[PDB]
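Notes follow the structure.
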2 protein chains.
Amino acid sequence: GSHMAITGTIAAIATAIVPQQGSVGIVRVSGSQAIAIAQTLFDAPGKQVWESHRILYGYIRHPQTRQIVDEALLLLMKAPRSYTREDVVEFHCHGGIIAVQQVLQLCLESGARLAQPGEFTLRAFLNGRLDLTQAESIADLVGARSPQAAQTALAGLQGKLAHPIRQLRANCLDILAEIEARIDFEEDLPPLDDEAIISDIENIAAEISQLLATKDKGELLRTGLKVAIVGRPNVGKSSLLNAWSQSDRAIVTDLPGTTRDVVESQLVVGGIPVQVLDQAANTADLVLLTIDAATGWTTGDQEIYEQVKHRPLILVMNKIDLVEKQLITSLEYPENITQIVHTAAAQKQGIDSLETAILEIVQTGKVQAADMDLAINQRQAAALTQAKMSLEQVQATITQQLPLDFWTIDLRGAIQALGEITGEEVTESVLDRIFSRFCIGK
Amino acid sequence: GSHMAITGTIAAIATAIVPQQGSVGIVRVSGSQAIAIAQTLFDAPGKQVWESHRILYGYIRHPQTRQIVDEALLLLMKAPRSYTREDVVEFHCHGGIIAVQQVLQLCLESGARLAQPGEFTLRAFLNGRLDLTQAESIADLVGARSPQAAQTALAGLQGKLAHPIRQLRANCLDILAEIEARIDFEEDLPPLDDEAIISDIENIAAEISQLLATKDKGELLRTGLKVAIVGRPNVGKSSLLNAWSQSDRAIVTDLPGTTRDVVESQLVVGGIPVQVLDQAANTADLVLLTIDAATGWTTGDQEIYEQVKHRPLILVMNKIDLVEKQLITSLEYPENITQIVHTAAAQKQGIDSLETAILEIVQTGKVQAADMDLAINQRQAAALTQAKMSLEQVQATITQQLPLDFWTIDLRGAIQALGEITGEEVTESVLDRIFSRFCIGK
Ligand SMILES: Nc1nc(=O)c2c([nH]1)NC[C@@H](CNc1ccc(C(=O)N[C@@H](CCC(=O)O)C(=O)O)cc1)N2C=O
Ligand SMILES: Nc1nc(=O)c2c([nH]1)NC[C@@H](CNc1ccc(C(=O)N[C@@H](CCC(=O)O)C(=O)O)cc1)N2C=O
Ligand SMILES: Nc1nc2c(ncn2[C@@H]2O[C@H](COP(=O)(O)OP(=O)(O)O)[C@@H](O)[C@H]2O)c(=O)[nH]1
Ligand SMILES: Nc1nc2c(ncn2[C@@H]2O[C@H](COP(=O)(O)OP(=O)(O)O)[C@@H](O)[C@H]2O)c(=O)[nH]1
Ligand SMILES: [Zn+2]
Ligand SMILES: [Zn+2]
Ligand SMILES: [Zn+2]
Ligand SMILES: [Zn+2]
């Protein structure tokens, strides 16, 4: 019953862990029992100094014996100078699938409880090292699948999003203290400037409208695009992948945990993470239909076009190295298509045009409303519009000139809604949900 | 052309890395350029001390700009007090699939070269911090898929295997200096005790024979068993897995990188890692044939038995909760089977008997010749027998009583063969092959 209050000492595995990959694996412990557990588990030879921000060498051993568990490194982060602001220790094990398990188990046995998803980064927020926008954005950092998705996440982490919103809430709180002091103290204050505070709302709701503009970029860099490739057999679907993948793959270096099929399908086009799925995919945001220009449009092309035409579509005209130049514009295709691209897959050319076509079909809303790499998410934008509505709800009731009693209801609503975002005023259901979608160890 | 000589400064990703899992990911740099690269890349606020074994907080930034790449922790390991004995730095990034890539790239740009498989742990050996048996066993540690496979690997790491072999090589070198001084200095030394040194060989070849006994345990804990489950549809194959898996799974806690299907199939029986494959599997060491005791043996049972009978086989008689007690011994099955087990899969009982049957079918050679958790591998055992052969080759030529000239050839061979194991005398082809089967970052 009810988190929001730090009571125990928590431990979890802090790194990805796969059976025969990766040199090292961490186990992180945080809480008032942290150093006590490192104390009773880590054997550090030849009197090394046990201070904060000090690396130690030794052996994690006794499970009630002295039976050595790993040759490990110990990290100490004491004081409020840690991730969670609590005392933090880290065991740096070899870690296949065995050592970390063994060490974690020894932690639970020494009075640590198993941390829940996001619980480390919650305790960070709970001790006022982070606000919600920051907490949220570190999940965005490790969740990023493109260089600019990270850039956007890093901006969130850095506080670039927490600073404006907390600034705006202060403003509403200030023009709330003005109205609330007049309503209570007889004279002792000259009357309100009825149209100066319609100009203050016009300032605030303007800034929060600039933020709500980024919302689209946010959804794209976070979720990315789900792209299906359809076509007939021997048209060049697999050939299309290779060409596109080689110049657009998200993984350019060999990466221990990840399997080649995710390295192959997870790529990036003009900043947007693009994920290639494997007539079936209505789960796709955009579909690439591939026909063979060497034989031109066929009946098999028509039918699978009939299945996918309701979804955003790009016709990929493959094997143009086989048609001669003068006859390219002569090639037949159903007239409703507005996005056609000629590619020579085996020759690895055309993917530059494919990119332009994919970016084009996306920038019909506003992908050219982008300013910098700061972008809010769904939940943040949800609370911002609701703060905007409630804010111009007051922007109406002061032109009607009701008494100060019927101004204060809606202003509070705006302050509370902005309080949701940074987290000075959040329901615990909202709070639990935020951290529940974090992975374990985070 | 030719490793075996440290020239550059190397960098690689030291942890497993999967797209949306694991709180942190390391990038390790080692060499004379290590600290210089941390210098020019890690922004550490408010003058923190830059000493060895010190944890630093800050921001990995400029790619020729100042553009922040991650909020990271820096680890410094200077002097010969490191993994590789060189100067070692570690960047501890957030790491999804983006941050570590970004940081590694910035390392290559600052004069680091990308480390090759095992190259860190080779440089450790190359600077005499480890012998080959130890180097080999750290790959065994992260490669282990059972608690005792780790225990065995840790023994190797600890030096429990390097100590005896280097001891034995010294002995051969000593009884080589005795013979070689007599052959060269006129008198100046009383003649050899011809049957004292047949007793010395009887001591050495005895100890190296005790080691060669473990070879079997070694192969089992390293490779483990590949077990296939065959049967007809609706017999209880999937039901068998669950029951067996729940009390024998190798992963008892939630582990970021690994997928449920590897958590499900990778289990352990009496110490041996057992991997469950998915009429087809001759790639299996042991097969479990499952029939349905409720309907008894069928014709479909017979045919798939005809496919798998040449492989070691255990008949799993499933659904015994449906046959009544007196009629169990009455159930018909082909007479050549010597290993039958009754299981009630849905009721989760029988897996204790299955274990006993699986251990039984394996301990026909010598799995009860085991003493402790020290066990040599294929390559080590290969060089040991060859040292043994060459050692009793001398154990013959001194009973024939040839001159001291025709003793020295074979003794050297034994010393050289034992020199292969710890690594004081290795071909570079052997050396390259050893580290080539390590994963990257290791
Ligand atoms: N090994 C490792 N463990 C982790 O828990 C971890 C990494 N690496 N890499 C990134 C880091 C997240 N970043 C942080 C954030 C704050 C502090 C910290 O000590 N708190 C102080 C700063 C110290 C100072 O100013 O001197 C603070 O008050 O913010 C440390 C690391 N992180 C988690 O993913
Ligand atoms: N973060 C991290 N990085 C690593 O490279 C690493 C881990 N963890 N965990 C286990 C460790 C392998 N173990 C070692 C071995 C030797 C030293 C070392 O500093 N060498 C000295 C010991 C220092 C002393 O005696 O005070 C030596 O001479 O052996 C450090 C870690 N290892 C890699 O997988
Ligand atoms: N000339 C030419 N041949 C191609 C091109 N793309 C694919 N092919 C050939 O067409 C065959 C079928 O391609 P494939 O990728 O397997 O099509 P899929 O079955 O839809 O995956 C392959 O043998 C390729 O060599 C192209 O752009 N030009
Ligand atoms: N009474 C009984 N029923 C079982 C047992 N094992 C499996 N079943 C039932 O038999 C059905 C088929 O089992 P299943 O695991 O799917 O067999 P598979 O098709 O070979 O994978 C399931 O619906 C189970 O409920 C058992 O030990 N006892
Ligand atoms: Zn194909
Ligand atoms: Zn036509
Ligand atoms: Zn089945
Ligand atoms: Zn019969």
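Residues in the structure tokens are numbered from 1 in each chain, the chains being A, B, ... in the order shown, and ligands are numbered from 1 in the order shown.
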With the cut-off set at 12 Å and counting only C-alpha atoms, tabulate each residue of segment 194-277 of chain A with an atom at most that distance from an atom of segment 23-37 of chain B, showing the nearest atom pair and its distance in Å to one decimal, ordered by chain and increasing number, as a tab-separated table.
residue	atom	partner	partner_atom	distance
A:255	CA	B:25	CA	10.9
A:256	CA	B:25	CA	10.9
A:257	CA	B:25	CA	11.1
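A distance cut-off of 10 Å from ligand 8, applied to only C-alpha atoms and all ligand atoms, picks out the residues residues 296, 297, 298, 331, 332, 333 and 334 of chain B.
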Backbone DSSP call of alpha helix (DSSP H) for segment 81-288 of chain B, listed as an NGL selection string | :B and (99-109 or 119-126 or 132-143 or 147-158 or 162-182 or 197-223 or 237-248 or 260-265)
TODO: Return the neighbours of chain B among the residues of chain A, cut-off 8 Å, counting only C-alpha atoms, as a ChimeraX atom specification.
DONE: /A:13-25,53-56,68-70,75,94-99,101,141-147,150-151,154,251-253,255-258,439-442
**Request:** Please identify the residues whose atoms come within 9 Å of ligand 3, using only C-alpha atoms and all ligand atoms, and report them as a ChimeraX atom specification.
**Result:** /A:230-242,290,292,294,317-322,343-349
Selection above as a file: C-alpha atoms, as a CSV table (one decimal), in the first residue's frame:
chain,number,residue,atom,x,y,z
A,230,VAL,CA,5.3,-5.7,-49.6
A,231,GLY,CA,5.7,-7.2,-53.0
A,232,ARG,CA,5.6,-10.4,-55.1
A,233,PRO,CA,8.3,-13.1,-55.0
A,234,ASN,CA,11.5,-12.3,-56.8
A,235,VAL,CA,10.8,-8.6,-57.0
A,236,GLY,CA,13.7,-7.5,-54.8
A,237,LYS,CA,12.3,-7.1,-51.3
A,238,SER,CA,15.3,-8.7,-49.5
A,239,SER,CA,17.5,-6.8,-51.9
A,240,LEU,CA,15.8,-3.5,-51.0
A,241,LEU,CA,16.5,-4.1,-47.3
A,242,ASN,CA,20.2,-4.6,-47.7
A,290,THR,CA,7.6,-3.2,-54.6
A,292,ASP,CA,9.4,-5.4,-60.9
A,294,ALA,CA,11.7,-5.4,-65.8
A,317,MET,CA,9.8,0.5,-58.8
A,318,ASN,CA,12.6,-2.0,-58.6
A,319,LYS,CA,15.3,-3.1,-61.1
A,320,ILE,CA,15.4,0.1,-63.2
A,321,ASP,CA,18.8,-1.0,-64.4
A,322,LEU,CA,16.9,-3.4,-66.7
A,343,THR,CA,15.5,1.8,-57.3
A,344,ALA,CA,18.3,-0.5,-58.5
A,345,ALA,CA,18.6,-2.6,-55.3
A,346,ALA,CA,21.5,-4.9,-56.3
A,347,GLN,CA,23.4,-1.8,-57.5
A,348,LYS,CA,22.7,-0.2,-54.1
A,349,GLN,CA,21.3,3.0,-55.6
Between atom CA of residue 433 of chain A and atom 11 (C, counted along the ligand's line) of ligand 1 - distance in Å to one decimal
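It comes out at 22.6 Å.
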| Residue set, segment 313-432 of chain B restricted to strand (DSSP E), as number ranges by chain | B: 313-318, 340-343
Contact residues around residue 416 of chain A with only C-alpha atoms at 12 Å, ignoring same-chain residues under 5 positions, as a ChimeraX atom specification
/A:165-166,168-170,172-173,383-384,386-388,390-391,409-411,421-427
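The list of residues with at least one atom within 7 Å of residue 341 of chain A, based on only C-alpha atoms and without residues fewer than 6 positions apart in the same chain, reads residues 315, 316, 317, 353 and 354 of chain A.
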**Item:** Gap from atom CA of residue 337 of chain B to atom 24 (C, counted along the ligand's line) of ligand 4 - Å, one decimal
**Value:**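 So the answer is 25.3 Å.
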Taken to one decimal, the atom CA of residue 89 of chain B-atom 22 (C, counted along the ligand's line) of ligand 2 distance is 14.5 Å
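Remark: for residue 367 of chain A, the closest of the candidate residues A:300, A:58, A:159, A:271 is A:271 (distances computed over only C-alpha atoms).
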key: Spatial neighbours of residue 41 of chain B, 8 Å, only C-alpha atoms, chain gap at least 2 places, as a VMD selection string   = chain B and resid 37 to 39 43 60 to 62 106
Restricted to N, CA, C and O atoms, what would the selected residues look like written as a JSON list (two decimals), in the first residue's frame?
[["chain", "number", "residue", "atom", "x", "y", "z"],
["B", 37, "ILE", "N", 42.65, 10.36, -23.39],
["B", 37, "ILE", "CA", 41.36, 10.36, -24.08],
["B", 37, "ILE", "C", 40.23, 10.70, -23.11],
["B", 37, "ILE", "O", 39.30, 11.42, -23.47],
["B", 38, "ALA", "N", 40.31, 10.19, -21.89],
["B", 38, "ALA", "CA", 39.37, 10.58, -20.84],
["B", 38, "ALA", "C", 39.51, 12.09, -20.58],
["B", 38, "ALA", "O", 38.51, 12.79, -20.41],
["B", 39, "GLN", "N", 40.76, 12.55, -20.58],
["B", 39, "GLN", "CA", 41.13, 13.96, -20.44],
["B", 39, "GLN", "C", 40.34, 14.84, -21.41],
["B", 39, "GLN", "O", 39.68, 15.80, -21.00],
["B", 43, "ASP", "N", 34.03, 15.85, -19.18],
["B", 43, "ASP", "CA", 33.89, 17.12, -18.46],
["B", 43, "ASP", "C", 33.47, 16.86, -17.02],
["B", 43, "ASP", "O", 32.33, 16.50, -16.76],
["B", 60, "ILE", "N", 30.39, 13.37, -20.91],
["B", 60, "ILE", "CA", 31.11, 13.09, -22.15],
["B", 60, "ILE", "C", 30.53, 14.01, -23.20],
["B", 60, "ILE", "O", 29.33, 13.97, -23.47],
["B", 61, "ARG", "N", 31.37, 14.87, -23.79],
["B", 61, "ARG", "CA", 30.81, 15.86, -24.71],
["B", 61, "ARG", "C", 31.45, 16.04, -26.09],
["B", 61, "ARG", "O", 31.03, 15.37, -27.04],
["B", 62, "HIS", "N", 32.44, 16.93, -26.21],
["B", 62, "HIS", "CA", 32.77, 17.50, -27.53],
["B", 62, "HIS", "C", 33.17, 16.46, -28.60],
["B", 62, "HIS", "O", 34.13, 15.71, -28.41],
["B", 106, "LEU", "N", 33.68, 8.45, -30.46],
["B", 106, "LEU", "CA", 34.49, 9.55, -29.96],
["B", 106, "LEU", "C", 35.87, 9.09, -29.46],
["B", 106, "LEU", "O", 36.82, 9.87, -29.45]]
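Counting only C-alpha atoms and all ligand atoms, the residue from A:299, A:2, A:429, A:401 that sits nearest to ligand 6 is A:299.
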